[PDB]
Amino acid sequence: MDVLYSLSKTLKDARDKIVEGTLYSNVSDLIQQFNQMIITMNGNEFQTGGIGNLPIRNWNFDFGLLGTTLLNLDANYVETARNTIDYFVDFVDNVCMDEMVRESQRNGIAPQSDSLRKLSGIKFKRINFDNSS
Amino acid sequence: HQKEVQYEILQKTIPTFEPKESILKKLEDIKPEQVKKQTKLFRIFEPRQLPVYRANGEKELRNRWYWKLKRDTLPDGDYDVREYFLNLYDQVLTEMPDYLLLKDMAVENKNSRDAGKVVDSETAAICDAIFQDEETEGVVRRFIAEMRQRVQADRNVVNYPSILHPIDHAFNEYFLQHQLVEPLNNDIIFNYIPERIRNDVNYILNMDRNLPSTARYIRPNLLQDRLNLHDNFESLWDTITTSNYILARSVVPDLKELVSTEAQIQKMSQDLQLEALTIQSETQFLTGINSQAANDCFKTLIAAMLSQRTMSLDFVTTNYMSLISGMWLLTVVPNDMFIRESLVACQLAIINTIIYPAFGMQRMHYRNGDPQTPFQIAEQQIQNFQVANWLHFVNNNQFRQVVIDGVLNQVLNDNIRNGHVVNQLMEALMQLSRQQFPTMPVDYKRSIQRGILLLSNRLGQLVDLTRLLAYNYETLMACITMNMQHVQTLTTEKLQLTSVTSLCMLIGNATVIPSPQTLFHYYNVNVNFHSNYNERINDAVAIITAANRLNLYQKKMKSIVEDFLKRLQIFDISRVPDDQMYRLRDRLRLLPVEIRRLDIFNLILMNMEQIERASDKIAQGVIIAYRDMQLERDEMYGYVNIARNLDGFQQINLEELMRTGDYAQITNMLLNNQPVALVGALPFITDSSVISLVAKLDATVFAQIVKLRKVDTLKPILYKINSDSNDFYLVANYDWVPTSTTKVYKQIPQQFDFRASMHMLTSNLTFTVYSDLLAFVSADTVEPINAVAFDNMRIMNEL
């Protein structure tokens, strides 16, 4: 849950802050967090959605890191970031939907969908950051 | 011949200095980060008196104070200006002080009526010049005469008046506000000692020194590896583990009171009865058995584990005494410390010469690449509990990983640390000494069993040796500061099994532990290396990020990476493969910049434009307007064809034009007299001749651009017409407006303002910085006869 929230929060920050012309100092910490997220998610396969009419979606992560060398963000930087962000937002939305449609009598607090169970592993805890909601 | 050639091909890719041993010196000459002190205030600007002119161009009777660059050395061309500011960034970083004590720079104010002092002597000179100036406001004069420093010795604080340009003030204020000296006390020194040494009762640590409250120290930067050189840098990691292995070798203690080599050799010969055998190598069997080999084995094992440098096993298969010793070696040393092929070879020799023949088992047809080692197969295929249990331990005696004080450590099974597992080994080999060896010729069987018993009957010595090895390893590992990453290295340290035999047959009961001074030296060298590594990473990252943010696109980060590796002191850069150099560049790019360097860079980047526009030898551009524009009336020139801005003109970037080589647009515009503004750092000619303006020579300087398709010789004319011109009467005695068709995009010097330049600089009155913290510790040890292990029993108990 903390990892799913961290993914979503990183993506929201990236959508709101990785904008054309902005000082790299406005995004540096976010770029570090985003690159950490990419590194952690790279090489991992996820499957979401096999309950009801929720379609089966397969997710593969092989993305490049965002640059760190610019002084102000330009169109190229924003476009690369936007493509990666679009894929990640789609994945997070599907994982959230997959979790929202499942329930359990015994351990209903614990994750139910396979993707959130995979994201509960230690190899994803690095993604975790500011939990402010 | 062939083997050397192939090994040389491999070694040419490894940046290890070929005389391995000499690396020790290079590691020991790495010092703590050098402490930098400021001797004077950092200044880029000075006040200077310049002549001024009335609106009619007549020189006035008073000069005016203006800020000017002390060193005006700016080049032409925008790219070279940005290179200049990168070099300025490097200069500031190298000369950045770690602390400041303003009283050292405090000098006397000549006009003070209250024994006033200022920092620094440049401020004194400026203040005297302002005090003497007739155009100075009386209030400023009285304030110079009254302004006072404040020395509060009780609070250890000083405040001094200074005159500084705002940029110079920003630099000096940053230096004052961000010093690297922290208060130093006995608690910090005590905590600096590794915790596992503070808790070992074999070492007695005392603090027989009083630190004053004025004591200072600079913390080492012991951040764990941000480059992850243990991942995907085979050559660099091989060099790192080699250098660490050399250092660990230097700090491992030498063994004392070994068994007499003559006596043990004769005992071994009598038991083994080699002469009575038919072994084709009778002499070689006991060669390499001596005190030097035993000490070398001790050092090699402990140092290899300390550096996590992979070991290879060198043995003769026919030497079953070597294999019997290798059984102990595999019992105590984790199997992952060996290269897979060597471990498999030694285990397979032990299986197919000693163990399976002992139990009458068919020899193991082992297959290379099997996920199971020969011992892992034997553990399942052997039914005897002694041998199977010893095999099980060997199969699982790999290093355990644990983080202590933020440092990853490779630690041993507790049965190794207390030496209990040697008993199991003893048990197994006692069983092997009772075995029939069904088809084996009996003299050879007797020799094998007697060698087995030669190792078996040293059970007490072997338990003591295992405990001693483990204790020395743990005590020395306490001094490691960088993560002990376990990787199978490109090259290995070759360990002779005859040296293992020497250690096993010759060790006595004389405990030897690291000296407290040896531990402190080892820890200090480790800390110095770690700190230097971090500081060179930070320097490289800062320069790379500055070059990128300054848009220095011709800059080669490869030279930066090479300088970084050279400053790490342990790499022969000529033998670093190109792929690893580029990977190093890529990983360095991803790291963020350290706060102090990034702040200095921000200061430089924000003040770059002001510094560049203060230069008297470059203009920021030139507007070619083929209309007649009146010369501006500027207090600094008289009449001057100076442009305040570029509003109203298309801009051609001169750097872009130089880079592309495409002169079509500029040539078309110049041919067709299309008004334009050429933008970029340009040298200019100062022409004071009215006749030159009437000749319209400022319009004659651009055609060479088209002729040569170059812009690096463009030198526009900046007219400076005033009463000092030889032909100024033409302006004065005729009715006409001086005009030109070109203007020079340049800025006017900032006037000196006393209120905006006077600051109070604050610092500590005085402190003493210290570097060798462990020099404040009195460190004794117990008598080695009384040294105990982690289990509180004596390391060696056979006494």
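Keep in mind that the numbers below use all heavy atoms, side chains included, and drop hydrogens, waters and symmetry copies. Below, chains carry the letters A, B, ... as their sequence lines are ordered, and counting in each starts from 1.
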Original post:
Near A/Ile109 CD1, under 6.0 Å, is it more than 12 heavy atoms from other residues, nucleotides or ligands?
Top reply: no

Original post:
Does anything in residues 169-178 of chain B get under 4.5 Å of chain A by heavy atoms, and if so which residues?
Top reply: none

Chain B/chain A interface donor-acceptor pairs under 3.5 Å:
from, atom 1, to, atom 2, distance (Å)
B/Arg549, NH1, A/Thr68, O, 3.1
B/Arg549, NH1, A/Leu70, O, 2.9
B/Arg589, O, A/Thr68, OG1, 2.6

Original post:
Between B/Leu605 and chain A, which part of the residue has a heavy atom less than 4.5 Å away: side chain, backbone, both or neither?
Top reply: side chain

**OP:** With sequence neighbours excluded, tell me which residues meet ring pair (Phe, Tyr, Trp, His ring centres under 6.0 Å) with B/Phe399.
**Re:** B/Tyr473

Original post:
Relative to chain B, which segment of A/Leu65 carries a heavy atom at a distance below 4.5 Å: side chain, backbone, both, or neither?
Top reply: side chain

Subject >> side-chain contact (heavy atoms from CB on, under 4.5 Å) partners for B/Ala681, two or more places apart >> reply: B/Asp78, B/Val81, B/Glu612, B/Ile618

